């Protein structure tokens, strides 16, 4: 009986917390990583954006854990004669969280080891194979306190096509499910694993996105969020 819900088809900076390169465009697109005046994404970009209100994920008195779901449309595009990098992620982080390392660490980590004090749960849409931890194919991944996903599924990434994502968390089964569909291509992908939010996250978090572009010439992308809905519910006992 704590409940929060929002849904935006267009964005504005007034109710968002924007970090580093993240901007809202004059078309109300949330552009997580830098794009120049020619409309070309640039290298070594990092941006993160969050809803301005913190969200209660669990409660240390009752032991209750929230159920949540989020949907969003994103557009990742690539200039001709480049390949994509590095990707974007929906995230749950500590209130006051600041950006970490760029590139393949997605602004979320400092290295590729597990860190039980990272307090990070993310669903990544990873467009670049990082030899020290990634599966080879592009992938949707569930990340808990590491850039090395606890679970992944192959994602047949296609540049410039709008991708519609749904992520759900059921606190009774502890199941986190992420799916992506490309409506114009009629293709769909799904990954699922259990996550113990209560052991990983603080009681309150900020929710939103992080994204990076490649550090090396020829590996680059736009990372645009086009719409976002979020809902959470945390039982209080009446």
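Positions refer to the first chain, counted from 1.
- Annotation: residue 130 belongs to the positions left without coordinates in at least a third of the other compared entries, with flanking residues modelled.
- Relative to one another, 191 to 199 and 65 to 73 have unequal mean CA B-factors, and 191 to 199 is the one with the higher figure.
- The question of which stretch, 143 to 151 or 110 to 118, has the higher mean Cα B factor is settled in favour of 110 to 118.
- Between the residues 35, 211, 177, 53, the entry's highest C-alpha temperature factor is the one at 35.
- Annotation for 227, 222, 15, 216: 216 ranks highest, by Cα B-factor.
- Annotation for residue 231: C-alpha temperature factor in the lowest third relative to the rest of the modelled chain, per the entry.
- Ranked against the other modelled residues of its chain, the C-alpha B-factor of residue 30 as given in the entry falls in the lowest third.
- Among the modelled residues of its chain, residue 124 has a C-alpha B-factor that falls in the lowest third according to the deposited record.
- In this PDB entry, the Cα temperature factor of residue 185 sits in the top third of its chain's modelled residues, the highest group.
- Looking at the C-alpha B-factors along this chain, the one for residue 99 belongs to the highest third.
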